[PDB]
Amino acid sequence: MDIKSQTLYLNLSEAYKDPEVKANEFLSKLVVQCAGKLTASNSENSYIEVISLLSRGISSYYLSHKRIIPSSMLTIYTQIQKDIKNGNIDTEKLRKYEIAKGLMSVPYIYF
C-alpha cells in the first residue's frame, strides 16, 4: 500500500493485535483479511470498496452482536472516514462506486 492506506492498514495490524480484538477473532481476522486488502492499495478502487465497507464495517459488526470496541476498533473506521474527508482517499472514485452502492456515511463519528 501507499502511505494513505499505510497507516490505516498499519493501524489495522496494530489494532488487530488489540488484546480485546485478539479475543475477538472475528474482529482481528477481519482486520487481518482487510489488512491484506490494504497491501494491494495499488487497487485503490478495490481498497475503495473495502474502504466503503471499512468506515461502516468495523462498526457494522454491532447489530445483533453487541460488544465494546477497543480503541483500535474505532479509530480505523473513523480514520477511514478522515482519510476520505481529509483527501487521503480518492473519494472521487469512492464517490462513483458509492453511488452504485448506495452506502452510508456514518455522521456519528466518535473520533
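Residues numbered from 1 in each chain as written, not as in the entry; some residues may be left out. Heavy atoms only, no water.

For the chain, the name recorded in the PDB entry is carnobacteriocin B2 immunity protein, with Carnobacterium maltaromaticum as its organism. The deposited PDB record carries the title "NMR solution structure of the carnobacteriocin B2 immunity protein".

Quick notes on the layout of surface pockets
Condition: Whether a set of points on the 1 Å grid over the protein atoms alone is a cavity depends on a 1.4 Å probe fitting there but being unable to get out, while an open set qualifies as a pocket with protein on both sides within 12 Å along at least five of seven lines; lining residues are those with an atom within 4 Å of a point. Grid points are joined across faces, edges and corners, and a volume is the space filled by probe spheres set on the points. Here the term charged refers only to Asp, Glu, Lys and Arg, the term nonpolar to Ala, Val, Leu, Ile, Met, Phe, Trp, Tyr, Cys and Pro, and the term polar to all other amino acids, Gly among them.
In this model, the largest pocket occupies a volume close to 240 Å³. Along the wall of the largest pocket there are 15 residues; nearest its centre are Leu30, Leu53, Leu54, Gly57 and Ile58. Considered class by class, the residues forming the lining of the largest pocket number 12 nonpolar, three polar and no charged.

Quick word on unusual backbone geometry
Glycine aside, residues mostly have negative phi, and peptide bonds are mostly found in the trans state. Here is the rule we go by: Think of it this way: any DSSP run of H or I at least four residues long counts as a helix, any run of E at least two long counts as a strand, and we number them from the N terminus. Relative accessible area decides the class of each residue, using a 1.4 Å probe on protein chains only: under 20% of the type maximum gives buried, over 50% gives exposed, and in between gives partly exposed.
Look at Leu63: it is not a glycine, yet its phi comes out positive at around 45 degrees. Position of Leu63 relative to the elements: it lies in the loop between helix 4 (44–60) and helix 5 (75–86). We classify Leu63 as exposed; its relative accessible area is 58%. One non-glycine residue, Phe111, lies in positive phi territory at about 30 degrees.

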